[PDB]
Every structure is written in structure tokens, then in C-alpha cells.
Amino acid sequence: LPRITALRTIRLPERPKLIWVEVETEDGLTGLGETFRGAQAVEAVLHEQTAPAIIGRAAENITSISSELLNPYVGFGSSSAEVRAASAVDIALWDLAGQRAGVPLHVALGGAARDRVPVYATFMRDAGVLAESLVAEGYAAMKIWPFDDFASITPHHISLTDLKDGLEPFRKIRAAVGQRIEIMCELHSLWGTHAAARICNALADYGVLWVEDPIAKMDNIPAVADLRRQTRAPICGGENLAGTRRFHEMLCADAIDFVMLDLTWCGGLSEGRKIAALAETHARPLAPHXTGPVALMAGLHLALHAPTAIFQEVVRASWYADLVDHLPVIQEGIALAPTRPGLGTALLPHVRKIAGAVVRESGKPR
Amino acid sequence: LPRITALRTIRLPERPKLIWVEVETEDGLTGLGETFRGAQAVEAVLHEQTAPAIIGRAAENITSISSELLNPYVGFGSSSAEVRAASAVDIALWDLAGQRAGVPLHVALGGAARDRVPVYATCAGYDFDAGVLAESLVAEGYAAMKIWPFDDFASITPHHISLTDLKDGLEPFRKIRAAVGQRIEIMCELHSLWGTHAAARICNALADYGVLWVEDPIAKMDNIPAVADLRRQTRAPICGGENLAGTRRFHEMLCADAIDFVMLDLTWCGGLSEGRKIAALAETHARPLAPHXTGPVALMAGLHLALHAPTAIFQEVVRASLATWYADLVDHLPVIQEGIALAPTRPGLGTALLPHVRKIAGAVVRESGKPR
Amino acid sequence: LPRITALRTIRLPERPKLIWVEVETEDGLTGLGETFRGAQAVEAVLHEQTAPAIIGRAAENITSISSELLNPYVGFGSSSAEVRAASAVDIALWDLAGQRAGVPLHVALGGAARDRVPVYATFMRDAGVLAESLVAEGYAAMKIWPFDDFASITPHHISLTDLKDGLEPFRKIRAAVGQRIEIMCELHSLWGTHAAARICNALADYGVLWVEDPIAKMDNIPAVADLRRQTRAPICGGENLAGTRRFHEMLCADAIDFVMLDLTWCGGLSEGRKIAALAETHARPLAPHXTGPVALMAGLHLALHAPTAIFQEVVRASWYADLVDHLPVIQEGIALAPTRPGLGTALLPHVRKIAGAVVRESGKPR
Amino acid sequence: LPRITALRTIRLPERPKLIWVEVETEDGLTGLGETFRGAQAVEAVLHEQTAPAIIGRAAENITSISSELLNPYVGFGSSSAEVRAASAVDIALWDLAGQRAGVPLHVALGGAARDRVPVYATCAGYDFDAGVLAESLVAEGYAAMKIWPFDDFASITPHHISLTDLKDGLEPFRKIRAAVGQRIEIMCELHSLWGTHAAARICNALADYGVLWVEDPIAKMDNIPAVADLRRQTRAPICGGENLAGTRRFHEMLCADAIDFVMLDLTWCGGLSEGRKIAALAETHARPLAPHXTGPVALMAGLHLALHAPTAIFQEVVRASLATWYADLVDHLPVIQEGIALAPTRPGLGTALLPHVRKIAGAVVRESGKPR
Amino acid sequence: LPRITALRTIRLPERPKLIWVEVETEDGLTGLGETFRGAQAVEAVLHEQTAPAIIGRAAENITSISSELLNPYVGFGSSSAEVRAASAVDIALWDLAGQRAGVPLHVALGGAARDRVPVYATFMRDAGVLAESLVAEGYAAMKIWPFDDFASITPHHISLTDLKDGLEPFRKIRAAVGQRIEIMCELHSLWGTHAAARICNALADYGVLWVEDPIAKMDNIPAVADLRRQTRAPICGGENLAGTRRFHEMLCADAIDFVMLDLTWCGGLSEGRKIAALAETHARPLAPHXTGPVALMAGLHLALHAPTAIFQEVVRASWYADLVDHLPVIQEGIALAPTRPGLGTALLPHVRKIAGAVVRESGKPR
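## Remarks on the pattern of salt bridges
Residues and elements named next belong to chain A. In total, this model carries 124 salt bridges over all chains according to the counting rule given. Close ionic contact of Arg116 with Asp115 constitutes a salt bridge, the shortest N to O distance being 2.7 Å. For the salt bridge of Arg171 with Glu168, the shortest nitrogen-to-oxygen distance reads 2.7 Å. Remark: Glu168 and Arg171 occur in helix α6 (residues 160-177); sequence separation between them is three residues, near one turn of the helix. Exposure remark for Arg171: the relative accessible area of 39% places this residue in the partly exposed category. Through salt bridges with shared partners, a single ionic network connects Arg8, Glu22, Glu24, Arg352, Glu361 and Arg366.

So, in C-alpha cells, the structure goes:
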């Protein structure tokens, strides 16, 4: 029916890590997608290789386009420039399916599993004070990463004295708010097995909800599974992983307690929907990750569709409002279900005319 | 002492999939590397991401640089544009180590395991009846040949192959046997095109032709359980790894008993540092190895690895009897006589871009740091 | 290019466990290696079997020579007299590659992963006092072995009363310095499964960094893996093991938390480099072991190259200075990266003329 | 009571790989043992290390002594010079136990399981057309023969074997079959020379010759996963263990279903105490066993184990019809008639060095303790 | 050489569970063996089936006779009447080998691994008082079974109140003697999985050395392995098991921490020697079990030979002295190595003339 007509990318010097992709179909509509990191490489993928492959294709064949884009000869099965490009396009295509059908993107996926989802907020100074305001604002959980700096000394060991400093923020939170908020420890994929296990064991007293991405890197499923087995710590994994294969393997190895994924990194909404189905089959909980405003809106759509989603990561400090027309409605630490058709957000008309914006186009723009 | 001072990429409109990378050091030397596919993406990585990370670093910390470049926050554990870019730089760095020490690259790696390696030729000339081909390949002394006559059928569907399409794909195997019998090895390339049923059906049907290996049967070869089940059910000899990257994926293939032979492309796997680690994996498992061959630098890099690797048995090459475009771009190509590649004696990689390459019409030349 | 020209061994009656090997190449240079235990047997291997195999060979083919030497018809896959000889020669050959290239040995290996590495020091009286001086000197860790004597009663059981005596030094350390130093318990491969597990469990309160070589002997990978699983104690293994095969097996069984290796026992630098790559693939930390001055310098070179190295074992009490021209520079419990080409140490000219030195030569000495 | 008083080693310039060990006790008796390869290393171990450890100990604590000598701080779990030295002493100690009790060695071990064992002959005479050989071996009553025609090809490369080299290596198998059909068993020795692909290719190609076993296919046989995968994929009958040592490695081979037959050399595996433990492993797994045969002492030690071991089916021997150098060095050799070795009736090992051996020209004789 | 000439059995109405077997060889010597339970069935096996099989056989072929006797068409692989008979005969045959060679039975086996072995003694009233006398007498360990009676209510559950009563003796021991004696809890193969795990967990605070035979019955290797895994309790197993096969399976499953065996039940000394070698390969400790005086002497011989033996079970209350000429010398909780040839004990001449003794003979008695 309606075919893909043009592909446009936008980069802004103010945000060098971001890239926006707009896909035009012949019916006058335009879909929005986004991805994060290696923005020039992604731009190059989208124009050099993605546009020839997708322009002229019927836009309704989203899953089939995803399969092809997620399956390049090199760079498949990882969050590569190739796969970030594919993720961006897939979001724009689901956006378009929602527009065409006049329903929110999560409904186009197959429907809402919930009308709203708890959000968590994403400390070196006084984490207890921070915990107080977040509790007051109604946030059920908070995430902090106070061990990061220590990995620059060495990722394969952490001193007992450096460990103790890293634990202070958790002591401060529990002293200030007890059990009134959940804590997540983010390890950013920085550590070897021994350091990871040392941190995980030391966190026991603080009752964290999860330890996220403990091992460098999280494609190391045997290392994560052994850590989980030895320490019995709650492990979250997935943020920077892509494709059902690595997710399926983590889940089957019993390496993780929670599934995390970034819809702009993991392959996109079509892939993320498949990962949600894997999480459901294993009865494991899931939370989408959040970069730019589009990643956030795509994530929230998944968090409302996914049978086992429990949280959506939001930022508090994020300029998103300068780029797009709508953001999700968050009330007392709870994001509500969008009702607008499609993704429910679009770039503001001025974004192309921002100083030094790099705007590239393939095909025949409207 | 010697620090990295600049990073240059070259792209030529006639070879759109290729990219050459040149790495300059304070001591006046330039190292050459190369990679293949998504050349603009790779260029972008090299200049937006790699250049700021390596410029100012001592060039001699090859494996440390490689560890970093192979571990980006996104794109790790696969032949992503990130890892391809890393591989190109790693080749340039080993080139430099060879140069500084005045030794061929494979000696910088820790020594030759052999002074020559058997080759098989898959490509020739300027562009890139099986019985007649087999005859002349045998005449020229090649121990092995690789063909891929099933590829077209996968465009009908990658998940089934008819009995009729099967019979036709097997015709070239019949011809080779009828023409030369056991005088050459045959390798069936499947290019990661097929699902489990179609691959099993092809693998079983090839039994009677005594193929040396069936290469990359499964779409895609990160599907280790699918490959392991294939090898188990059919008992076919399986070669895997050409388009995979990093020690993790190879380590997993090998532990799962998924493959009989290890293949790798030195400009896709992470580079020579990683390839050296991948060769050690193979040696530990007692499995044989062959480097894959794209541009002249991949060829020379693969050769160095084939001479260094304890278990290397073959090196994929360009046909030595037929003049090739490689010869237009670089000063030196490996000596291949009678199905044998000889060990290079020159220091470093042993080949460099010809002076006119930077000036070719429509060449995109991008630079970071301070080119001399 | 330059070929191997002569092989010389030196034994000194003062140090009966040691042996030094010097390899001459035709370019005038000479490489130094060393190994420890069964020094006469090693001498016999080097002259009877190693010298015929290597004299006339190009010295640059280090890895290939290692493969042949590590692969004799009998005695492969263990720290045998055959494999200690091979290790000694391989160190001398890497020494020579560094000399030829005019770079430190770790650079010849492929480069530094770090410019310096923490060292640990290697108590029955008052361990707390010892802990004070080591902390003061800046040592991050210390290793003690107070259970050794009990294994001579029986290696398959340890009395609750003997256990308690063995634990005193750990109590004294923690009372005297708290968390200011790491402790490692060395079990010297002396114990059966039950005694090992008893010791490991009793050590929990003292928060040891690792328990090293708990089982007699550490080729017993199933016994070590079960101990690790049942007690969840941090296990170090490898000191007296050789070849990638036994290391690969330990790592795959999840038998260990830390990889230890002795470069004069394990097959040498070429083999040790491969073991470092295994450790890296598993994301496990590594520390080289230290015997004579050469073992120490070879170890330190590996500790600077190995992606996952965290410590280098040093002695405090070691006469090394009477034998060789250079030792590594240790500052405040931190060994710095050598800058001299090659191994960075050579026997002093007088060593051959020491009283009763046994000096044997094969080939044609300079 | 009777304590070990001295330890003697003998080396002869004509048999440079061999070493004999003699162990003296207070009661006037001397026990004989032997081992093979790295004879100077072994001599050194025996005198620098073993002698101080055993001298003064009661000779009757054979298994305790063995446990100690087999557990050196370095060199354990392999046929190291340490473990070879230990094995030689353990044989001498069981020799002594037999002597003191006035029983053949295998009876000291706990009894004969059989009064004779079938043998296969691999060596003859003074130096150490397959159809003609097979004919006379059959004529002489041997149930089995062992050949190793692939060894030379491994010096080209251990990681691949051409189809042509393959065809030639198989020729002796064709000849044996064409000459004698099913009248003799054939055993293919591979001597741990090959990588996984070359071994699989050889194992598969031997299917049609009905070989009893393919021996030590993999370089080296501590690579249990490689051997297990080989046996699984090809279903070939695999014999392993000749050059391995200690119960651990045998226990692991057996549990992994890597082998169909257990081979061991009593002068390399740890000795008779350890071999007895290794035979118990085999019995538990219901797997058959054969001792390997180097010098006359290894032969006699292997025979005793073959008569004792519950699952022993064969014993490798020297050809009984042809006079051998063994007869120059020792007083007694096993009775081998018609492909059968008879149980010795003499006490102890049942053979001792001839008086003139100590005096042979250029004999290196070293002693520790107090020789009488 | 000397052939088996006659087989004689003796039963005494005073001890209905026992049976003695004497084997005569043509050289005038006679060997003694023994077994326990189902004494009439064993008598019937020995005369109906064992005697025809062994009379006329050379006695020196002990291991071969054992193989045949342990391998009947029915009843192999268990401590059956068939296998108890075989065990009895095998002990008599090893006894004879020691006599012929003029050495103690453990020396005939291959030698002593130790010249002496610790013994442990085998409470509802006041276990603490009992603990005091045993400590005073020099016993390193004691074994009690206070949970037995509860299994007669039901073997598949134990009440929290019944559990508490069962634990009292352990509380009393630790209150009265602290860590001065080891405790073993004997469960007699009485319990299902849940009861066994409940008991095992509740015993943690009392620091028992082992829990022996927790599951009904100990051929249930998966049930024992899961118990060991879930509770991490030290498990002893083997007393009533026979043949290397069941032992090999327990050990490979990591079901046990200690190997126990009864030489009159397990197949005999030849079989027990093979089980000792299995224990050694796994690096697991071993203790022989003790029924009549012969079982005890046979056990002690094994405990002196077995590389990994740590204890020998002795009784304190045992009339043995009325039946045989020698018992082992126990000094301060330590049994010393026998020096007499053979088993080192023989029936007293009067035993055949005891009132109502049932004495049966096959072959031609002297």
C-alpha cells in the first residue's frame, strides 16, 4: 500500500551522541526514530546502506524490514552502528503503523497490558537527601553508580577501602529513608568477575533491587551466570545487547533476574517485542532503558505492552521539550499510557533550522 | 617513546566497499590497515571515535589499544562497524611494530610456525563448468577449491530447498569429481544463508562428494546451538567464523563442538591481536584454521596469521597466475607459486599503498591529528 | 636470521633448587632463563634433549620452538622436568627478542596493559605486627600459610583445635590493621576435600582475598569445583600447573576465582601469554608467582602485559642482587614497568666463577 | 623390618633411552625396575630426589612410597621425568615384595585373573609388505597386529592430511585384508601425532578395514574433549593412555566416554601400584585393557599387570620366534608360544640383570646410600 | 600352589546376627572371615553356592575369586546375602595371604599408609557427660543417633517439637565440652528428603563433622546429592552399600563428603581396596564401619592401607574377647598398626563347642 519515499537524518552539534531519523511514506505521513552513540557512523549506515534497501518498500512490512536490517553480512547480533540504524528505522516504522491505524504505538503492537507503569529515577554527595526528594515526589525506585570511578584504576580488582567508599551512598539512603525506596546499583559493564562478586556480596545488607550490568562485558554469559550462582545477588542485564539470540542465551543460562533493553540499541520495537515474549516465557521481569526523547517514548510503549514489564527508566534533568512536541505524562512516579496515535511525539518544525544542524536525505523528500 | 600522531582513511569510488587506514607515528613511519563493507560507517568511526582515543598514545601498546577499541560501550562482540575500524587500526599498529623491529609481521607476533602455507584460490583479476576449473586449478598446484552453487536458491526462501534445486546445486560437485577425482579438496561455501532444515539437507546430500568442509551453513553463525545440532545430526565437516568477531564467539563455537575448522577474517575479527588469541583457542582445541581473503591488506594480514598460527592449514587467496587489481594499489603481493604462499621476508606488513593512491580521481581522503 | 649457537646451564651449590640457562645467538647476544626444583633433572633435559633440538634453529621462531619443547612424547601437560626446561628456554628466547628489537620484554609480547602493578608480600609469631610494617611500607596485600604443619599429621583431616591455631594469625591481622591490607591464605596443595572445605568455611569471617591451592593436587578440577560451589570461598589456582589445557579446564569448570602461574613452571612466557588470554576470555583476574630473580622479572613482564593481571608476588627477604645486574623497581608496594630492552636483567660476570658452580655447555659458546 | 639401603642406576651407551634401577634392602635382596626416554633426567631425579626420600624407609610400604613419589610439588599428573623415576622404583619395590613372599609379582598384587594372556607383536630382534607379515604372524598364532603407516605424513603437517597421503597410508590395511581376511585383528597406531580433522579423516577412512582400535589419534591424549568428540562423530574404536600417567587422567578419559580400550605403560603411568588402580578404573567402567611394551623390565611388568587386571585382553610384545637383545641383559624372558604369554611361576618380577651388565663398556653406574 | 580345601561356618545362638567363616587350605592354614545380618541366608549361600565354586581353587587368586563371588547372576551390586557371603570369604582369603607371606594383612594389600589411625566411639540421657569421659579417654570424635525413634512415627516428616528433642544431645555436648570432640550425627538411612534436610539444616549451629546416611536408602544418589547441594551439610555415605559401582556413582555425583564402608558388607577387602582407590582419586576421606571382632580387624587393616582414611569406628562396650585371641591395641583414642601376620586374629579353640553352636562344613576339613 503506502511505500517508503525518503529517509532523513538530523544531528545537532549540541548533542553529538544523538541522531534522529525520519521516514517519509507516500501518503504524506512521516515516522520518527532515534538512536544514541556513534552518530556519524549511524548516519553513514542509514544513507549508504539502509536507504537503498528500504526506499520503495511497502512500509507496512515492518517485521520483514526489521529481519533484513538486523541481519547484515557483518555486525549482526550486537548493538553495532548497523543495528542502531536498524533500531532507529524500526521505531519510525511502528510510529507510522500507529499513525495509519489511528492508535497508540503499544496498541499497534497488540495492545496495552497495563494503562500505566511505575518509573524509576536516573548521589556522590549525599544520596540520603536525594532519596528524600525522590520518595517525596513518589518515585518507587532510584538508580546510582558510585563504583564507576574505581574501575579506571583497574577493572579487575577493587580495594577494600575503595569498596567502603562506594557503599556509603547505600548506607546514607537506608539511614535516611529505610525501605521507602528501592535501590539499584549500576555497574556499567565495568568489572571483571572478582571485583563484580566483591561488590555484589558487599551490597547484600543494603537490600538492592538489582545490580545492573556487573561484568565487562555482558555478552559474557558464563561469567554472569557464575556470579549469580555464587553470590545469589539480583542481576539485571541487557541495556547494551541486541537481538533475541543474546537475550535468549542469558535467560536460558539463568544468568539474570531482570531483563533490561534499550529500544534504540536492541534492534527496535519489533525486536524488543520478541525479547518481551522471551522474558514472558521465562517469567522474568523487564524494564526499558532511557538518551533522547524518542528512546524514552519507544521504551514506554514497550513497557505498556510487555506482559512482564515492571518499570520504565526516566530522567529528571532532561531539554527534550526543545526538540519534540510531546513527552509522556508522569504523575507521582507513574507514567501513564499515551493516547495519541503512533509514537505520540514528533520533532518540532524548527529543529532542522537549528545552528549547525547536519541534515541528510535519501530518496525523494516531500 | 614513539607516539601516534595522525590517522588517515582513503576510499576509492571504484572499490566502494573498501577503506584503507594509515597510522602515522612521531618517528616518521606509517602503518597500513584496511577493512571491508560499510566503508563510510567505518570512516566515521575512525574519525569521530577512534582518532581521539589513539592519538597521543604510544604506538607500542598494541594489545592495550586493541582491548579498548574492541570494547566500545555499544557494538562489541560482533563484526560491527566499530570492530571493523578497530581491526584496521590493529593491523596498522602491528605493521608499525614490524617496521620498528625490522621483522616481518608474523615474527613480531612471536614467530613463524611454518615458512609457507598451502592456499586455495577463490577470486582472480579485476572484477571481484567447474570440471574445467578443477583441471586447471590442479594443473597450477592448488590442493583445494571453494565453490558456492547453492546461494541463489536461498533468495527463493532461506528455510527450505526443493529436491530439484538440491540436485542442481550438487551438479558442480559431480563435475569436479568426474574431471579430477580425489586430486583436489572441495569446500562448499554456504555464506550463512540457510535455516536448520535446508542446511541439514544440503550437508547430508554432499556426503558422497567427500567435501573437505561445509562453510557457514547457518543464518547466522552466532547461532551456535543450531550449528552444534547440525554437526551432530549430519556429522558433516563444518567451517565457521568468517564474519564473526572477538574471542567470546569463537570460544563458544569451539566449546560447543559446533565446528571442525576455524575461519576468520583479520579485518573483521578484531584484527591480528585478536586473531592471535583466536589461533590460541584453536590450538588448545586442536582444531585447524584458515584465514579468509577483499583487499590486498586483508590478504597480507591473513598470510602473516596463517604462518604464525600453530594450527593453520590453508589461506584463501587471489589466483596467482592471473593479474589482479591488488597490484594497482600496493607495492608488494605475496609470492604464491604452485598452491603455496611463501613467508614474507620484508619488515612489517610487507606491503604499502603506492604513492599515486591518495591522488586517484574522486578519492575521499580524511585526516585526524597532525599529518606530516 | 640469527640462529641459536650455544646453550649453557649454571647451578650453584648455595642454591640447589635453582638453575639458570643462557642461550647464545650468532649475533653476539645471550638470553637468560631460569627454573626451580629438580635442577639436575632440568640440566639433564636441557643438554641431552633440548640442545640438539634447538641449536641451529632461528631464534625468532619463539612460539614454534615453545610448541615443540612443550610437546615431548612423555611429560607434556604438567610442570615436569621436561616442561621446566622448556619454560627456562622460552624466557631466554623472549629476552633475546626484546634485545634484538630494543624494547622491554612485555612490549615485545604486544605491549603494556599498564605502566605499573601492585605487589603483594610473601607470621606464626605475631602476624598483626607483620601486617603493620607491610601496611606502612604500602603493600596492598600479604600472603601467609599457617596451616601447612597440620597436613603432616594427616592431609585428609584437620582437628577443630588445630584449625583454631591456624586461624589466630588472621584474627591478629584484622585486630591490628582491620581492612587496611588484603589477606591471602596459602594452602600449598596440601589438603583433601574435607580439610580444605573446613579451612575455607572457617576463613569466612576474616574476609580473605583468596585461598590458594586448597586441594592435593590442583589437577583435581572436579574436587576444586565442588569446594568452590559448596563453600563459595574465593579460590586461587595454578602455581604448579603447566600448559593451556589444565588452565582452560579449571576456568571452564568455574573451579577458580583467580589464575596464578609461574612463568618458569607453566611453559614459559609464550605459554603464559596464552594463559593470560584464557583468563581475559573468562574475565578472571591473574597474578604471577615468584624462586629466583629471573622468575620474578619474567612474571612482572607478564603482569604488565596480561589484560587481567592485578598483582605480582614479590619477596622481601631476597641475595638476588648478588646474581644479576638489575631487579625491578618497587615503590610503595608498586612495581614499575621496566624500560631496559629484553628481560632487563642479566647474570653478573662473576657468577660462573663462584665456588663449586656447575656450568655445562652445548653447541659452540662464544 | 627390611629397610631400603641403596639405590643404583645403570645406563648403557648402546641403549641411550633406557635406564635400569636397582633397589637394595637390608635382607640381602635387590629389586629391579626400569624406565624409558630422558634417561639422564630420570637418573638425576633418582639420585638428587628419590634416593634421599626412600632410603631408610621400610620396603614393604609400597603404595605409601608410590603416593609420595607420584606427588612431587612439580611434575605430577603426567609421564614426567619425576613420574617415570617413581614408576621404575615402584616396579623394583613390587619385585621385592614378590621375592620376600616367594610369589610371582602378579600374585603379590592380589592374584592372577588368568593363567595366560593373548599377545600382539610389534617389535623384534636387536634394532628397536604388510600382507606377507600378516601371513607369518597368523602362521605363528598371533591374534592381533599393530602398524602405524600414517606417521610420516604428520611431518608435512599434523593438522591436515591430503586424500592422496590418506590413500597411501591405507594401502597396508588393504594388503593385510587381501592376504589373510579376518584371521588377524588390526590395530592402527597414530602415536598422538594428529589434530582433530586429520584424525577424524583417518578414523573414518579405516571403517572398511574393520580395525580393532585406532590408538592415540590426538596430539596429545590429555585433550579429552577432542578425543570424546572424535569418538562421538566417527564412532571409531579408540585406544588411549600409553603415554599418560596417574589415575586422574585415566579416570577423566573413561568418564568422558573418550575411549573404547585402555592402554598403559607400566614404566610411565606411575608403576604397578598405579597401574593396579588404573585396571580397577577400567573394570568399573567394564572397559578392556592392554599393557604397552621398550626394555625387558617393562615387558615383564606389563605381563604381570595383564595377568592380574580383570579386563586385560592383550599384551604388546617382542616377537618370540626371533631372538632379541632383551636376552643379552636379563636372565629370564616370558614364555610366549603361539600368540599367548604364559603366567610366570618364579618369585618376584621373575627376571634380573645379568652379572656382566654393570661392567659393560661405558656403562654409567651411579649409586646412593650403602651398596653391599 | 595351596588350594582351598574346606569351608566352615559357625553361628552362635547368643549372637544371632553374626556368622564366622573359616577357609582351610591344603598347607594346614585356616583363614577367618565374618559377616553380619541374615546369618542363616549367608550360611546357606556359603554352603549351597560358594563352596562348590571355590573348593579346589588356588587360594592365592584372591581378586579373581572376589570378581566371581561378587558377580552372581542375581543379587550383585548390593549388600545382599550373596555379597555378604563373598565379603566374608574374601577376608579369610586375605588373612591367608598374610599368613603365607608372614606379614600383616594391610602390608599384604600393598603396605601401611600410616602406622596408626584415630578411632571414634560408638546418649539420650546426658550426652554432655558421655562427651566428658570420651574426651578424657582421648577420643577425637563420637557418634550419636538421637533422631531414630522419630522415624517410626513417619520417615517422611519430623515435627518441630520432635526436631528440638533430637537436638538436645548436641546442645549438651557443646555446652559440656565445646570444640574438644567432633560430633557425628547418624541418621541410619531412615528419612525422606524433607525430614533429612530439616535435620541437616538444624544441625548447622552444632558444627557436626558429618551427617551419616540421611536418606532412605543411600542407593538414592540424586536425593542425597540434592540434599548436599541445598543444605551444604557434610554428608557421610556407604555403610550398607556394596561394590565399586554404587560408590563410584556417589562420588561422581558429589553426593558425599566422606566415604564409609563395612568390609563384611561391601564385598570384602579386595573390593574395599578398590573403593579406597576411588576415594583417593576423588580426594575424599574414608572411615571403615564396625558388628563382630573380625569386621573390626578387617576395617582397621583397610584404615591403615587406605591413602585417605581418617578414622576407624570402634565400640567401647564390646565380649569380642571371648571369641577371638587378639583385638587391636587402642591407646588414647588411637588404634595402632597390627604386627602379627595375616588378619592378626583367630577364633579361640573352644568356640565350636559352645552350647548350641551351629557348625557346618563343606569339602574335606583337616
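## Topic: helix α1 (residues 39-54) of chain D
In α1(D), a bend of some 40 degrees at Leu46(D) exceeds every other bend along the element. Downstream of α1(D) by one or two residues, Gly56(D) has phi in the positive range, about 100 degrees.

## Remarks on helix α7 (residues 163-180) of chain D
Residues and elements named next belong to chain D. The terminal C-alpha atoms of α7 lie 26 Å apart, and with 18 residues this matches the ideal 26 Å at 1.5 Å per residue to within 8%. Largest kink in α7: about 30 degrees, centred on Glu171, with the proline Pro172 one to four residues after it. Looking at the residues trailing α7, positive phi occurs at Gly181, about 50 degrees.

## A look at the packing of helix α10 (residues 247-255) of chain D against helix α11 (residues 272-284) of chain D
Residue and element names in this part refer to chain D. At their nearest, the axes of α10 and α11 sit 10 Å apart, and the two run at 15 degrees to each other. Of the possible angle classes, the one that applies to α10 and α11 is roughly parallel. Crossing hand, α10 versus α11: right-handed. Taking contact as the criterion, the partners of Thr247, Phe250, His251 and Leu254 in α10 are, on α11, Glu274, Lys277, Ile278, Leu281 and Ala282. Residues belonging to the contact of α10 with α11 are distributed by class as follows: five nonpolar, two polar and two charged.

## Re the interface of chain B and chain A
Of the residues lining the interface, 36 residues belong to chain B; the matching set on chain A comes to 36 residues. Buried surface at the junction of chain B and chain A, both sides included, amounts to about 3,100 Å², of which 51% is carbon and sulfur. Interface area lost by chain B to chain A is led by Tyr73(B), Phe76(B) and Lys220(B), which between them contribute 24%. Here chain B and chain A share four salt bridges between them.

## Describing the interface of chain A and chain C
Of the residues lining the interface, 16 residues belong to chain A; the matching set on chain C comes to 20 residues. Roughly 1,500 Å² of surface becomes buried between chain A and chain C when both sides are summed, with 46% attributable to carbon and sulfur atoms. When the buried surface of chain A facing chain C is broken down by residue, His156(A), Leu160(A) and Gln230(A) rank first, second and third, together holding 37% of it. Between chain A and chain C we count three salt bridges in total. One salt bridge connects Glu182(C) with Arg198(A), and the closest N-O pair in it is separated by 2.7 Å. At the junction of chain A with chain C, the criterion picks out nine residue pairs in polar contact. With five residues, helix α8 (residues 221-231) of chain A is the single largest residue contributor to the side of chain A that touches chain C.

## Brief notes about the packing of aromatic side chains
Under the counting rule described, the total for this entry stands at 46 aromatic pairs over all chains. Residues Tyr73(A) and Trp268(B) carry aromatic rings whose centres are separated by 6.0 Å and whose planes lie at 65 degrees to one another, so their mutual orientation is edge-to-face. In this pair, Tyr73(A) sits in the loop between α2 (62-69) and α3 (81-101) while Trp268(B) sits in the loop between β9 (261-264) and α11 (272-284), so the two residues belong to two different chains. You'll find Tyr73(A) and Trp268(B) in the same group, each marked buried. An angle of 80 degrees between the planes, with centres 5.0 Å apart, marks the rings of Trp325(D) and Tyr326(D) as edge-to-face. In this pair, the class of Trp325(D) matches that of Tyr326(D), namely buried.

## Topic: the arrangement of the chains
The two units chain A and chain D never meet; even their closest C-alpha atoms stay 19 Å apart. Between chain B and chain E there is no contact, and the shortest C-alpha to C-alpha distance separating them is 22 Å.

## Details of the domain arrangement of chain B
All names here are of chain B. As assigned here, chain B comprises domain 1 (1-102 + 349-372) and domain 2 (103-348). On a C-alpha basis, the centres of domain 1 and domain 2 stand 26 Å from each other. Across the contact, 38 residues belong to domain 1 and 37 residues belong to domain 2. Each partner contributes to the roughly 2,900 Å² buried at the junction of domain 1 and domain 2, and carbon and sulfur atoms together form 63% of this total. Of all residues in domain 1, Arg15, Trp94 and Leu349 bury the most surface against domain 2, accounting for 23% of the area lost on that side. At the junction of domain 1 and domain 2, the tally comes to zero salt bridges. The interface formed by domain 1 and domain 2 includes 19 residue pairs in polar contact. Counting only elements with at least two residues in the side of domain 1 that touches domain 2, the list comes to β2 (15-25), β3 (30-36), α2 (62-69) and α3 (81-101). The class makeup of the residues in the side of domain 1 that touches domain 2 is 18 nonpolar, 14 polar and six charged.

## What about unusual backbone geometry?
Keep in mind that most residues, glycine aside, have a negative phi and that most peptide bonds are trans. In this structure, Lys217(A) follows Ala216(A) across a cis peptide bond, with omega equal to -5 degrees. Looking at the secondary structure, you find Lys217(A) in the loop between β7 (210-212) and α8. Note the cis peptide between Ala219(D) and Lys220(D), where omega equals -5 degrees. Its place among the elements puts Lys220(D) in the loop between β7 (213-215) and α9 (224-234). Phi at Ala286(B) is positive, roughly 60 degrees, even though this residue is not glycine. With relative accessibility at 5%, the residue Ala286(B) sits in the buried group. Backbone geometry places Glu332(C), a non-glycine residue, at a positive phi of 55 degrees. Its place among the elements puts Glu332(C) in the loop between β11 (312-314) and β12 (334-336).

Rules behind the numbers
- Residues numbered from 1 in each chain as written, not as in the entry; some residues may be left out.
- Chains lettered and ligands numbered in written order.
- Part of a larger assembly, values for the part shown.
- Heavy atoms only, no water.
- Residues with missing side-chain atoms left out of burial classes, pairs and counts.
- Salt bridge = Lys/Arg side-chain N within 4 Å of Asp/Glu carboxyl O.
- Helix = DSSP H or I, 4+ residues; strand = E, 2+ residues; numbered from the N terminus.
- Buried < 20%, exposed > 50% of the residue type's maximum accessible area, 1.4 Å probe, protein only.
- Bend = angle between axes of the 7 residues up to and from the residue.
- Expected span 1.5 Å × (residues − 1).
- Axes fitted to C-alpha atoms, helices over the stretch in contact; angles between N-to-C directions.
- Parallel < 35°, antiparallel > 145°, perpendicular 65-115°, else oblique.
- Left-handed = near helix turned anticlockwise from the far one by under 90°.
- Contact = heavy atoms within 4.5 Å.
- Nonpolar A, V, L, I, M, F, W, Y, C, P; charged D, E, K, R; others polar.
- Buried area = accessible area lost by both parts, 1.4 Å probe.
- Polar contact = N/O pair within 3.5 Å; in protein donor to acceptor, adjacent residues only side chain to side chain.
- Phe/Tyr/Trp six-rings, centres within 6.5 Å; stacked < 30°, edge-to-face > 60°.
- Domains from an automatic or database assignment.

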